[PDB]
Each structure stands twice: as C-alpha cells, then as structure tokens.
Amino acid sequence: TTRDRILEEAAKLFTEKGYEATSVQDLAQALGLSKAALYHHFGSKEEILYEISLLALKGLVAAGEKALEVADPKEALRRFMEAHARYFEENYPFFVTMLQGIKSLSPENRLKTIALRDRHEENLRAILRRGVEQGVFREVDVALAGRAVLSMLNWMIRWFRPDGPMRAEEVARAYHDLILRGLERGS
C-alpha cells in the first residue's frame, strides 16, 4: 500500500535475489502489483533503488545527528556509533541494496548520496573535534579518526549476520570501548 512498504519489500527482494538479477517483472509479482502499476508509480528499477538509498542514508544521518547534541563527547561518540549500528541492523536490506546499485543511480542522485554520506561523516567529526577541544580526547587527526570509526561501522555490512547471536549495537559498543581506550595496558 504505502510507498514505504513497497520500498521495504523491494529492498528485501534485492537482498535475496541480487539487484541486477531482479527484473521489473519480479518486483511486480513479489509486490502484488501489475507491471503497469509499478512503471506508473515508480518509473524504473533505478528510481526504486534511489528511494531505498535515500531512506537508508537520511535515516542514518538523522540517527547520528541525534548524538551530536550529547554534552559529554565520549557519550556522544558512543551513541553515534550505537545508533548507526542499530539503524543499520533494523534496516539491513536497505543497506545491502544500496551497495549493489550505487553505479546505477542518475548523476544528480549519486551527488545526493555522497552529500548524505559526507553529512554523516561531518557530524562524527564535529563530535570528535568537540571532544578534542574540551580536553576529553587526545589530539588526533580528526579526519582520520572519523574515517577509522566509520570504517569499523560500515565494513560491518561485509560480515555481520542479521540472525547471529550478537546485535550490531553490542558490536558497536565494543568498537567504541576499543577506539576510546586503545589496546595498550596501564593507561
């Protein structure tokens, strides 16, 4: 019914069948729509791919921006990482799809996708920079620190198992402990 549910179903199908191997015909059948209705309401597989990517990235950006406010930089960083991982898990299929079709978006939509990813990274940098300035974090290359944190969260799409024992959030909480305190002992 709602465009949102359709996008969700499409994302699951793309995740199971693969975006390239999924035909418009497949999408219509799985969604309970005639091909005609799908073309009229969505135009193409690319438009469906774009809206899925948009929901995922906008939801992620919002999930992280909600931690940018936390007073304690250490706590802000932890909430950012945990929110990111939780959102990733709850919307797993949207993230997998988005990875199987970036090169298939129109030019302007690819720019929009990059802008959103840049925004999420900027919010993380703001948290780190604030922590540095108010002496909560050691002076480090913020740009690299953020890339490091994002690498840990984003690379999860390559190994995390949705029906596994651990919740992405718990994984993220351990990554936070690791990145905050480091590996050395003593101090």
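One rule holds for the numbers: they count along the sequence shown, beginning at 1.
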Given 100-108 and 113-121, the range whose Cα B-factors average higher in the PDB entry: 100-108
Greater mean Cα temperature factor according to the PDB record, 62-70 or 123-131: 62-70
Between 52, 36, 142, 148, where does the Cα B-factor run highest in the record? 36
Residue 160: CA B-factor among chain residues, third -> middle
Split the chain's modelled residues into thirds by Cα B-factor; residue 9 lands in the lowest
Tertile call for residue 89 (CA temperature factor, within chain, third-based) is the middle
Determine, from the deposited record, the chain-internal third of the Cα B-factor for residue 153: lowest, middle or highest. middle
Of the three thirds of the chain ranked by Cα temperature factor, residue 30 occupies the highest
